[PDB]
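Undergrad: What follows is a structure written as structure tokens; I'll ask about it next.
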Amino acid sequence: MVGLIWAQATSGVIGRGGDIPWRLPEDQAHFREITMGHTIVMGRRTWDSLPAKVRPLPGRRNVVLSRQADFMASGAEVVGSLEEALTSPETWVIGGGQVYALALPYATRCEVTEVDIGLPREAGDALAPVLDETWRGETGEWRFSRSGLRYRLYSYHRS
Ligand SMILES: NC(=O)c1ccc[n+]([C@@H]2O[C@H](COP(=O)([O-])OP(=O)(O)OC[C@H]3O[C@@H](n4cnc5c(N)ncnc54)[C@H](OP(=O)(O)O)[C@@H]3O)[C@@H](O)[C@H]2O)c1
Ligand SMILES: O=C(CCc1c[nH]c2ccccc12)Nc1c(C(=O)O)cnn1-c1ccccc1
Ligand SMILES: [Co+2]
Ligand SMILES: [Co+2]
């Protein structure tokens with residue numbers, strides 16, 4: 001089973017200049033829970049946005065998409081096609097915008113957390129994929145973070 005997990009603003013933005021433009025500690029403990037134990041696929045630019053410390057993410061098989069045939073990620077498997085990356089039964093694609101859009105044609109699940117911030121879509125932004133009518137989803141209640149931000153959780157499934 002192949003799924004995608006991302007945090008977005010209402011507009012669709014997920015990253016900006018190598019970073020996520022917010023701080024949602026509760027999502028860290030939610031993201032860690034859903035991915036812990038399995039394989040995680042990220043693109044190279046996303047693998048680079050992680051602090052050296054938490055690189056690689058403990059307890060998980062870190063897989064990095066890249067076209068650089070020489071690119072070495074200390075502690076992660078470097079492949080060159082997502083077909084190469086997608087080999088484990090339960091795999092979670094964790095970013096970024098380029099990888100999310102490449103993987104969705106092949107996911108049965110999506111774990112979305114939407115942050116309530118008024119964040120305009122600047123050119124060159126990393127965006128969240130778009131889900132059509134083929135996606136039946138469940139929504140949770142709006143919650144309120146130790147950061148001071150309202151957010152709600154979305155789970156989608158494709159039969
Ligand atoms: N929850 C969130 O809000 C969230 C989650 C994760 C990341 N982000 C943000 O997302 C942003 C970056 O995402 P991005 O979309 O700009 O870059 P990305 O998707 O993170 O990875 C981009 C890299 O993936 C590799 N790649 C792309 N297509 C490929 C293919 N078909 N085969 C092999 N390798 C391929 C390339 O690496 P080479 O150039 O090495 O080939 C490309 O440079 C950052 O700002 C990050 O913080 C946010
Ligand atoms: O906090 C998160 C989640 C943030 C996040 C949401 N979607 C993502 C997609 C790709 C990469 C990270 C995210 N992960 C973890 C962990 C963990 O998962 O165990 C440990 N440290 N960190 C961390 C701490 C500070 C800054 C960054 C990462
Ligand atoms: Co699990
Ligand atoms: Co199903």
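If you're wondering about the labels, chains in the structure tokens are A, B, ... by order shown, residues count from 1 in each chain, ligands from 1 in order shown.
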Please report as a Markdown table every residue of chain A lying within 6 Å of ligand 2, along with the nearest atom pair and their distance in Å (one decimal), using only C-alpha atoms and all ligand atoms.

TA:
| residue | atom | partner | partner_atom_place_in_ligand_line | distance |
| --- | --- | --- | --- | --- |
| A:6 | CA | ligand 2 | 7 (N) | 5.0 |
| A:7 | CA | ligand 2 | 7 (N) | 5.8 |
| A:28 | CA | ligand 2 | 1 (O) | 3.9 |
| A:31 | CA | ligand 2 | 3 (C) | 5.7 |
| A:32 | CA | ligand 2 | 18 (O) | 4.0 |
| A:50 | CA | ligand 2 | 27 (C) | 5.8 |
| A:54 | CA | ligand 2 | 21 (N) | 5.3 |
| A:57 | CA | ligand 2 | 19 (O) | 5.8 |
| A:94 | CA | ligand 2 | 9 (C) | 4.6 |
| A:95 | CA | ligand 2 | 9 (C) | 5.5 |

Undergrad: Residues within 9 Å of residue 45 of chain A, please, as a PyMOL selection string. Count only C-alpha atoms; anything in the same chain fewer than 6 positions from it doesn't count.

TA: chain A and resi 18+66+95-96

Undergrad: Take the selection from the previous step and output its residues with N, CA and C atoms, as a PDB file, in the first residue's frame.

TA:
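Printed below is part_16.pdb as written:
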ATOM      1  N   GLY A  18      13.269  25.860   0.363  1.00  0.00           N
ATOM      2  CA  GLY A  18      13.872  24.803   1.138  1.00  0.00           C
ATOM      3  C   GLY A  18      13.244  24.589   2.492  1.00  0.00           C
ATOM      4  N   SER A  66      16.378  10.726  -7.103  1.00  0.00           N
ATOM      5  CA  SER A  66      17.370  11.633  -7.644  1.00  0.00           C
ATOM      6  C   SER A  66      17.701  11.160  -9.043  1.00  0.00           C
ATOM      7  N   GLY A  95       7.515  13.761   0.326  1.00  0.00           N
ATOM      8  CA  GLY A  95       7.766  15.035  -0.332  1.00  0.00           C
ATOM      9  C   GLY A  95       8.844  15.003  -1.389  1.00  0.00           C
ATOM     10  N   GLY A  96       9.036  16.116  -2.083  1.00  0.00           N
ATOM     11  CA  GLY A  96       8.156  17.263  -1.951  1.00  0.00           C
ATOM     12  C   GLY A  96       7.194  17.393  -3.123  1.00  0.00           C
TER      13      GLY A  96
END

Undergrad: What's the 12 Å shell around residue 146 of chain A, counting only C-alpha atoms, without same-chain residues fewer than 3 positions away, as an MDAnalysis selection string?

TA: chainID A and resid 23:27 143 149:151

Undergrad: What would the file look like if the residues just selected were written as a compact mmCIF listing (two decimals), in the first residue's frame with C-alpha atoms?

TA:
# COMPACT_ATOMS: atom_id res chain seq x y z
CA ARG A 23 5.66 25.29 12.79
CA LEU A 24 3.13 22.60 13.74
CA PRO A 25 4.70 20.35 16.41
CA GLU A 26 1.59 18.20 16.63
CA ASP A 27 2.08 17.27 12.98
CA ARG A 143 -7.70 21.84 16.42
CA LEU A 149 -2.46 27.78 14.69
CA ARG A 150 -5.73 26.13 13.68
CA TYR A 151 -5.42 22.92 11.66

Undergrad: Counting only C-alpha atoms and all ligand atoms, give me one row per residue of chain A with an atom at most 7 Å from an atom of ligand 1, showing the shortest contact pair and its distance in Å to one decimal, sorted by chain then residue number, as a Markdown table.

TA:
| residue | atom | partner | partner_atom_place_in_ligand_line | distance |
| --- | --- | --- | --- | --- |
| A:5 | CA | ligand 1 | 1 (N) | 7.0 |
| A:6 | CA | ligand 1 | 1 (N) | 3.7 |
| A:7 | CA | ligand 1 | 1 (N) | 3.8 |
| A:8 | CA | ligand 1 | 3 (O) | 5.4 |
| A:14 | CA | ligand 1 | 3 (O) | 3.5 |
| A:15 | CA | ligand 1 | 45 (O) | 3.6 |
| A:16 | CA | ligand 1 | 45 (O) | 4.4 |
| A:17 | CA | ligand 1 | 45 (O) | 5.2 |
| A:18 | CA | ligand 1 | 45 (O) | 3.6 |
| A:19 | CA | ligand 1 | 47 (O) | 4.0 |
| A:20 | CA | ligand 1 | 47 (O) | 4.8 |
| A:42 | CA | ligand 1 | 20 (O) | 6.2 |
| A:43 | CA | ligand 1 | 21 (O) | 3.2 |
| A:44 | CA | ligand 1 | 23 (C) | 4.2 |
| A:45 | CA | ligand 1 | 20 (O) | 4.2 |
| A:46 | CA | ligand 1 | 20 (O) | 3.6 |
| A:47 | CA | ligand 1 | 20 (O) | 6.9 |
| A:49 | CA | ligand 1 | 47 (O) | 5.6 |
| A:65 | CA | ligand 1 | 34 (N) | 4.0 |
| A:66 | CA | ligand 1 | 34 (N) | 3.2 |
| A:67 | CA | ligand 1 | 41 (O) | 3.5 |
| A:68 | CA | ligand 1 | 40 (O) | 5.1 |
| A:71 | CA | ligand 1 | 40 (O) | 6.9 |
| A:80 | CA | ligand 1 | 33 (C) | 4.4 |
| A:81 | CA | ligand 1 | 32 (N) | 4.6 |
| A:82 | CA | ligand 1 | 32 (N) | 6.3 |
| A:94 | CA | ligand 1 | 6 (C) | 5.5 |
| A:95 | CA | ligand 1 | 6 (C) | 3.9 |
| A:96 | CA | ligand 1 | 19 (O) | 3.4 |
| A:97 | CA | ligand 1 | 15 (O) | 3.2 |
| A:98 | CA | ligand 1 | 19 (O) | 3.6 |
| A:99 | CA | ligand 1 | 19 (O) | 4.2 |
| A:100 | CA | ligand 1 | 19 (O) | 6.7 |
| A:126 | CA | ligand 1 | 15 (O) | 5.1 |

Undergrad: Please save N, CA, C and O atoms of the selected residues as a CSV table (one decimal), in the first residue's frame.

TA:
chain,number,residue,atom,x,y,z
A,5,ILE,N,1.8,11.8,2.5
A,5,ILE,CA,1.6,12.5,3.7
A,5,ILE,C,2.2,13.9,3.6
A,5,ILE,O,3.4,14.0,3.4
A,6,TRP,N,1.4,14.9,3.8
A,6,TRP,CA,1.9,16.3,3.6
A,6,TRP,C,1.0,17.2,4.5
A,6,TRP,O,-0.1,16.9,4.8
A,7,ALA,N,1.6,18.4,4.7
A,7,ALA,CA,0.9,19.5,5.4
A,7,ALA,C,0.9,20.7,4.5
A,7,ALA,O,1.9,21.0,3.9
A,8,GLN,N,-0.3,21.2,4.4
A,8,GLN,CA,-0.5,22.3,3.4
A,8,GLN,C,-1.2,23.5,4.1
A,8,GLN,O,-1.9,23.3,5.2
A,14,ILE,N,3.1,23.8,0.2
A,14,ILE,CA,3.7,23.0,1.2
A,14,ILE,C,5.2,23.3,1.5
A,14,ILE,O,5.7,23.0,2.6
A,15,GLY,N,5.9,24.1,0.7
A,15,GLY,CA,7.3,24.4,1.0
A,15,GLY,C,7.6,25.7,0.3
A,15,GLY,O,6.9,26.2,-0.6
A,16,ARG,N,8.8,26.3,0.7
A,16,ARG,CA,9.1,27.6,0.2
A,16,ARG,C,10.6,27.9,0.6
A,16,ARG,O,10.9,28.1,1.8
A,17,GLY,N,11.4,27.9,-0.4
A,17,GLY,CA,12.8,28.2,-0.2
A,17,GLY,C,13.5,27.1,0.6
A,17,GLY,O,14.3,27.5,1.5
A,18,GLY,N,13.3,25.9,0.4
A,18,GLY,CA,13.9,24.8,1.1
A,18,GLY,C,13.2,24.6,2.5
A,18,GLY,O,13.7,23.7,3.3
A,19,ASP,N,12.2,25.3,2.8
A,19,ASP,CA,11.6,25.3,4.1
A,19,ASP,C,10.1,25.2,4.1
A,19,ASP,O,9.5,25.5,3.0
A,20,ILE,N,9.5,24.8,5.2
A,20,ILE,CA,8.1,24.9,5.4
A,20,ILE,C,7.8,26.2,6.2
A,20,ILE,O,8.5,26.4,7.2
A,42,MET,N,11.3,10.3,-0.5
A,42,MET,CA,11.3,11.8,-0.6
A,42,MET,C,12.2,12.1,-1.9
A,42,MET,O,13.0,11.2,-2.3
A,43,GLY,N,12.0,13.2,-2.4
A,43,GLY,CA,12.9,13.7,-3.4
A,43,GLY,C,14.2,14.3,-2.8
A,43,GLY,O,14.3,14.5,-1.6
A,44,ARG,N,15.1,14.6,-3.7
A,44,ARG,CA,16.4,15.0,-3.2
A,44,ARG,C,16.4,16.3,-2.5
A,44,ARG,O,17.0,16.5,-1.4
A,45,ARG,N,15.8,17.3,-3.1
A,45,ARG,CA,15.6,18.6,-2.5
A,45,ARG,C,14.9,18.5,-1.1
A,45,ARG,O,15.3,19.2,-0.2
A,46,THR,N,14.0,17.5,-0.9
A,46,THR,CA,13.4,17.4,0.4
A,46,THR,C,14.4,16.7,1.4
A,46,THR,O,14.6,17.1,2.5
A,47,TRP,N,15.2,15.7,0.9
A,47,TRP,CA,16.2,15.1,1.8
A,47,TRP,C,17.2,16.1,2.2
A,47,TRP,O,17.8,16.0,3.3
A,49,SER,N,16.4,19.4,2.7
A,49,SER,CA,15.8,20.3,3.7
A,49,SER,C,15.9,19.7,5.1
A,49,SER,O,15.5,20.4,6.1
A,65,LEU,N,14.7,9.9,-4.2
A,65,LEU,CA,14.6,10.0,-5.6
A,65,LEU,C,15.6,11.1,-6.1
A,65,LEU,O,15.7,12.1,-5.5
A,66,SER,N,16.4,10.7,-7.1
A,66,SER,CA,17.4,11.6,-7.6
A,66,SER,C,17.7,11.2,-9.0
A,66,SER,O,17.6,10.0,-9.3
A,67,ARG,N,18.1,12.1,-9.9
A,67,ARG,CA,18.6,11.7,-11.2
A,67,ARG,C,20.2,11.7,-11.2
A,67,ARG,O,20.8,11.1,-12.0
A,68,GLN,N,20.8,12.4,-10.2
A,68,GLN,CA,22.2,12.4,-10.1
A,68,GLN,C,22.7,10.9,-9.9
A,68,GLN,O,22.4,10.4,-8.8
A,71,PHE,N,24.8,10.9,-6.9
A,71,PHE,CA,24.4,11.4,-5.6
A,71,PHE,C,24.3,10.4,-4.5
A,71,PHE,O,23.6,9.4,-4.7
A,80,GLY,N,16.4,6.0,-8.9
A,80,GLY,CA,16.4,7.0,-10.1
A,80,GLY,C,15.0,7.0,-10.8
A,80,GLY,O,14.8,7.9,-11.6
A,81,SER,N,14.2,6.1,-10.4
A,81,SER,CA,12.8,6.1,-10.9
A,81,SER,C,11.9,5.7,-9.6
A,81,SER,O,12.4,5.0,-8.7
A,82,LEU,N,10.7,6.2,-9.6
A,82,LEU,CA,9.8,6.0,-8.5
A,82,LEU,C,9.4,4.5,-8.5
A,82,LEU,O,9.2,3.9,-7.4
A,94,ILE,N,6.9,11.3,1.3
A,94,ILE,CA,6.9,12.4,2.3
A,94,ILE,C,7.3,13.7,1.6
A,94,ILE,O,7.3,14.7,2.4
A,95,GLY,N,7.5,13.8,0.3
A,95,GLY,CA,7.8,15.0,-0.3
A,95,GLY,C,8.8,15.0,-1.4
A,95,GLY,O,9.5,14.0,-1.6
A,96,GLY,N,9.0,16.1,-2.1
A,96,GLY,CA,8.2,17.3,-2.0
A,96,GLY,C,7.2,17.4,-3.1
A,96,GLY,O,6.7,16.4,-3.7
A,97,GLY,N,6.9,18.6,-3.5
A,97,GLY,CA,5.9,18.9,-4.5
A,97,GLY,C,6.1,18.1,-5.8
A,97,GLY,O,5.2,17.5,-6.3
A,98,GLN,N,7.4,18.0,-6.3
A,98,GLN,CA,7.6,17.2,-7.4
A,98,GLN,C,7.4,15.8,-7.2
A,98,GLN,O,6.7,15.1,-8.1
A,99,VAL,N,7.8,15.2,-6.1
A,99,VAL,CA,7.6,13.8,-5.8
A,99,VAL,C,6.1,13.5,-5.6
A,99,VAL,O,5.6,12.5,-6.1
A,100,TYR,N,5.5,14.4,-4.8
A,100,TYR,CA,4.1,14.2,-4.5
A,100,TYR,C,3.3,14.0,-5.8
A,100,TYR,O,2.5,13.1,-6.0
A,126,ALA,N,6.5,25.2,-3.7
A,126,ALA,CA,6.1,23.8,-3.7
A,126,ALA,C,4.7,23.7,-3.3
A,126,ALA,O,4.3,24.1,-2.2

Undergrad: As a quick test: using only C-alpha atoms and all ligand atoms, which residues lie no more than 10 Å away from ligand 4? Give them as a list in words.

TA: residues 1, 108, 109, 156, 157, 158 and 159 of chain A

Undergrad: Could you list the protein, DNA and RNA residues that have any atom within 12 Å of ligand 3, counting only C-alpha atoms and all ligand atoms, and write them as a list in words?

TA: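 Going residue by residue within 12 Å of ligand 3, we get residues 1, 2, 3, 30, 31, 32, 33, 34, 35, 36, 37, 38, 39, 40, 59, 60, 89, 90, 91 and 92 of chain A.
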
Undergrad: For the residues selected in the previous step, produce a file with N, CA and C atoms as a tab-separated table (two decimals), in the first residue's frame.

TA:
chain	number	residue	atom	x	y	z
A	1	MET	N	0.83	-1.21	0.00
A	1	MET	CA	0.00	0.00	0.00
A	1	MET	C	0.87	1.26	0.00
A	2	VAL	N	0.51	2.21	-0.86
A	2	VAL	CA	1.31	3.38	-1.19
A	2	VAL	C	0.50	4.63	-0.86
A	3	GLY	N	1.04	5.49	0.01
A	3	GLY	CA	0.32	6.66	0.45
A	3	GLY	C	1.22	7.88	0.50
A	30	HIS	N	2.31	13.31	14.52
A	30	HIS	CA	1.39	12.60	13.65
A	30	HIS	C	2.11	11.99	12.46
A	31	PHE	N	3.00	12.76	11.84
A	31	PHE	CA	3.81	12.25	10.73
A	31	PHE	C	4.70	11.10	11.19
A	32	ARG	N	5.32	11.24	12.36
A	32	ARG	CA	6.17	10.18	12.86
A	32	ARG	C	5.38	8.90	13.11
A	33	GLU	N	4.16	9.03	13.63
A	33	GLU	CA	3.36	7.84	13.92
A	33	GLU	C	2.97	7.10	12.65
A	34	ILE	N	2.59	7.82	11.60
A	34	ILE	CA	2.07	7.14	10.41
A	34	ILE	C	3.20	6.50	9.60
A	35	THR	N	4.40	7.10	9.62
A	35	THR	CA	5.52	6.58	8.83
A	35	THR	C	6.44	5.64	9.60
A	36	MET	N	6.38	5.64	10.94
A	36	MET	CA	7.38	4.88	11.70
A	36	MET	C	7.28	3.41	11.35
A	37	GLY	N	8.43	2.83	11.02
A	37	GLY	CA	8.56	1.42	10.72
A	37	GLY	C	8.66	1.10	9.24
A	38	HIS	N	8.02	1.90	8.39
A	38	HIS	CA	7.92	1.54	6.99
A	38	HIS	C	8.99	2.28	6.18
A	39	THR	N	8.81	2.31	4.87
A	39	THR	CA	9.67	2.99	3.92
A	39	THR	C	9.11	4.38	3.64
A	40	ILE	N	10.01	5.35	3.46
A	40	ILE	CA	9.65	6.73	3.17
A	40	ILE	C	10.39	7.16	1.91
A	59	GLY	N	14.24	4.61	12.38
A	59	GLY	CA	13.22	3.58	12.38
A	59	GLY	C	12.55	3.31	11.05
A	60	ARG	N	13.04	3.91	9.97
A	60	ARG	CA	12.38	3.90	8.68
A	60	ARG	C	13.42	3.71	7.59
A	89	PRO	N	5.91	-2.87	0.41
A	89	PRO	CA	4.44	-2.92	0.46
A	89	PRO	C	3.82	-1.62	0.97
A	90	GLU	N	4.09	-1.30	2.23
A	90	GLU	CA	3.64	-0.06	2.85
A	90	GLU	C	4.76	0.96	2.75
A	91	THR	N	4.60	1.90	1.82
A	91	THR	CA	5.54	2.97	1.58
A	91	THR	C	4.81	4.31	1.68
A	92	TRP	N	5.45	5.27	2.34
A	92	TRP	CA	4.90	6.61	2.53
A	92	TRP	C	5.77	7.65	1.82

Undergrad: May I ask for the distance between atom CA of residue 125 of chain A and atom CA of residue 153 of chain A, given in Å to one decimal place?

TA: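 Computed distance, atom CA of residue 125 of chain A to atom CA of residue 153 of chain A, equals 22.0 Å.
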
Undergrad: From a DSSP pass on the backbone, collect the residues of segment 29-74 of chain A flagged as strand (DSSP E) and hand them back as a ChimeraX atom specification.

TA: /A:39-43,61-65

Undergrad: Which is closer to residue 147 of chain A than all the others in A:115, A:13, A:123, A:128, using only C-alpha atoms?

TA: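 Under the stated criterion, the closest residue is A:115.
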
Undergrad: Take atom CA of residue 145 of chain A and atom CA of residue 114 of chain A and report the distance between them in Å, one decimal.

TA: 12.4 Å

Undergrad: Just checking: using only C-alpha atoms, which residue out of A:84, A:48, A:70, A:116 ends up closest to residue 11 of chain A?

TA: A:116

Undergrad: Determine the nearest neighbour of residue 111 of chain A from the options A:56, A:4, A:138, A:93, counting only C-alpha atoms.

TA: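 Nearest candidate to residue 111 of chain A out of A:56, A:4, A:138, A:93: A:4.
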
Undergrad: What is the atom CA of residue 110 of chain A to atom CA of residue 87 of chain A distance in Å?

TA: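 Here the two named atoms are 18.1 Å from each other.
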